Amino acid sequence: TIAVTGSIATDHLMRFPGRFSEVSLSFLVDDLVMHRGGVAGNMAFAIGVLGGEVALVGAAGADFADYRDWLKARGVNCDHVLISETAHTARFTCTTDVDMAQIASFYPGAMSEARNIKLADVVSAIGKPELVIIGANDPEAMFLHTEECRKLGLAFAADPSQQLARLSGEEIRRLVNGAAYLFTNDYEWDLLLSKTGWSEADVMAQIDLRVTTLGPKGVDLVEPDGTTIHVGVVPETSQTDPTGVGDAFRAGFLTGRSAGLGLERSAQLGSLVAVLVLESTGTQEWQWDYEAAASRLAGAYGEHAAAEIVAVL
């Protein structure tokens, strides 16, 4: 059972049929759609679709009913979503240009109440989770979640992503120590190092595994002893929107890990889910086709890897 903590949101996604090369910026967009989102919602949805046991742990508004149904239909346990008395579910508004560059605004709303969520209640309700993802969230919620994981003996994955630029060096440091996984992208890895003052070795001495996504260059899985697995991307055919691609990779990778797959196979599955999200507009708008999944995995990584991956799904 994987407990996913992080933002729950509605994503208002727009497409600008140009390049962000323009203060009074005005972008004439040719698409506007509203989808389910938030990093925790995305990851929980992806884990549920892939057949994993997952519980969403975040803060939303009373408007969450439909979202809840949508997630429960995919096996996600939403019993422990905090419902705000007053605030609306967070909203992410984003414009993506032809180069997949993005200009976005995030209104937290009910997200600010995630700091009132208590993992002790979740553990008493569902047992101790096999892993807790500490994703982008209310900052205080992120810190309290990590500290409660440490105190209750729960393995956790530090996944600060969008919040890394808004946290101080000390805050980021408090999020990293003891993590079973550390997820960032390459730019975020450099930023984490610069802000915390830690060296690469300093970080690796405190975590069990570093996972660094590299956009089109794939992903690196680095162990504390330097052992590095590089997994290339599942090449894309219909690139459309980058929102939620990292969440998708994390969900696929952690589902594979929970299914007993090795690091490389789990990262290959994560790459598949990531490209499926890249090729759709919303973050949870992708479909799971077992045969197309097997085919694309085999094309990218070989028949043996594809077969071993699809066997556990």
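Don't overthink the numbering: it's just position in the shown sequence, from 1. For the two forms, the rigid core is made up of the largest set of C-alpha atoms that agree within 1.5 Å on superposition.
Visitor: Any chance you could tell me whether 101-109 or 224-232 drifts more in 5 other deposited structures of this protein, judged by RMS CA distance from this form after superposing on the core?
Guide: The answer is 101-109, which departs more from the shown form in 5 other deposited structures of this protein.
Visitor: When the other structures are laid on this one by the rigid core, do the CA atoms of 282-290 or of 28-36 sit farther away in 5 other deposited structures of this protein?
Guide: Farther on average in 5 other deposited structures of this protein: 28-36.
Visitor: Check the residues of the deposited sequence separating residue 22 from residue 23 and report how many of them have no coordinates, as none, 1 to 3, 4 to 9, or 10 or more.
Guide: Unresolved stretch here: 4 to 9 residues.
Visitor: Between 257-265 and 23-31, which has the larger average Cα B-factor in the PDB entry?
Guide: It is 23-31 that shows the higher mean C-alpha B-factor.
Visitor: Check the entry's C-alpha temperature factors for 83-91 and 214-222, then say which stretch has the higher mean.
Guide: Per the deposited B-factors, the answer is 83-91.
Visitor: Checking the entry, which one of 207, 136, 123, 234 has the top C-alpha B factor?
Guide: 123 has the highest C-alpha B-factor of those listed.
Visitor: Would you mind checking which of 182, 229, 193, 167 has the top Cα temperature factor in the PDB entry?
Guide: That would be 167, according to the entry.
Visitor: Give the position of residue 113 by CA B-factor within its chain, expressed as the lowest, middle or highest third.
Guide: Highest third - that is where residue 113 ends up once the chain's C-alpha B-factors are sorted.
Visitor: Looking at the C-alpha B-factor of residue 99, is it in the lowest, middle or highest third of its chain?
Guide: Its C-alpha B-factor, which the entry lists for residue 99, ranks in the highest third among residues of this chain.
Visitor: Quick one: classify residue 64 as lowest, middle or highest third of the chain based on its Cα B-factor.
Guide: Highest third of the chain for residue 64's C-alpha B-factor.
Visitor: Grab the CA temperature factor for residue 280 from the record and place it in the lowest, middle or highest third of its chain.
Guide: Middle third - that is where residue 280 ends up once the chain's C-alpha B-factors are sorted.
Visitor: So where's residue 154 on the chain's Cα temperature factor ranking, which third?
Guide: Highest third.
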